[PDB]
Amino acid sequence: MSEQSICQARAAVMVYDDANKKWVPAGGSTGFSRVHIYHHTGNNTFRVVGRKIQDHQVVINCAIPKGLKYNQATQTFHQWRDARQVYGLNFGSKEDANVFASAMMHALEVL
């Protein structure tokens, strides 16, 4: 397989609607997702890909660039921003937040 999952964590994936200063559910679909970080070993790249638990819709698919600032705002809500959007993960548990942050931080160390 070209891409290998390095973690799976449960979270409600949010994107920030700057115009209304409000978080809104990614993909317009309230509820929780299974959120992976996938590693493409060929070029050592990483992306966050999350799918709704119910209907499998992909609600996030974003690259993790070198130098990203991953903000652990709370024990259960982490966020980061790129050139177009601000993403937030409202984790199902502190354990899920810890798993995801570990993998993210690993990725950011090896990029």
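Numbers for residues come from their place in the sequence shown, where the first is 1.
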Discussion item. Highest mean C-alpha temperature factor of the two stretches 32-40 and 82-90, which is it?
Written reply: 82-90
Worksheet item: According to the deposited model, is the average Cα temperature factor higher in 20-28 or in 5-13?
Response: 20-28
Practice prompt. Consider only the C-alpha atoms of the modelled residues in this chain, order them by B-factor as the entry records it, and name the third containing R47: lowest, middle or highest.
Written response: middle
Practice prompt. Could you say whether, by C-alpha temperature factor, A107 belongs to the lowest, middle or highest third of its chain?
Written response: middle
Fill in: Within-chain third of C62 by Cα B-factor, per the entry
middle
